[PDB]
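Q: Below is the structure I would like to discuss, written out as structure tokens.
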RNA sequence: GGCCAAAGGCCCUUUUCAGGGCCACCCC
Ligand SMILES: [Ca+2]
Ligand SMILES: [Ca+2]
Ligand SMILES: [Ca+2]
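Residue numbers (PDB author numbering): 185 to 219, 223 to 258.
Structure, rendered in structure tokens:
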């Protein structure tokens, strides 16, 4: 119950997926939230012990959730 | 420590609110 991912391979791939998400306009238009809840869209911990599907699963849900953030 | 979200095990891509691959489970 305490793990930090070391594999540079895994961390890059995961960073990329995250970087993608921040590069969206929805994330830009998320200057309207003070660190908040879990009902919000929070980027997955890249350092978390996660399975491949698990992390990808989270990321999918992350990006979708983002889209609540622009008309 | 535990519990939850996510999660079949991995793998590719800016088709990325997305598309795909291998294996496994299923239906034998
Ligand atoms: Ca679940
Ligand atoms: Ca599932
Ligand atoms: Ca399946």
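For each residue, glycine too, the CB sits at the ideal point set by N, CA and C.
1) Looking at the structure shown, is residue 227 part of a helix, part of a strand, or coil, going by DSSP?
2) Would you mind stating whether residue 228 and residue 249 have Cβ atoms separated by less than 7 Å?
3) Quick one: grab the DSSP three-state call for residue 213.
4) By Cβ distance below 6 Å, which residues in the same chain neighbour residue 217 in space, the five residues on each side in sequence not counted?
A: In terms of the structure at hand:
1) coil
2) yes
3) coil
4) none
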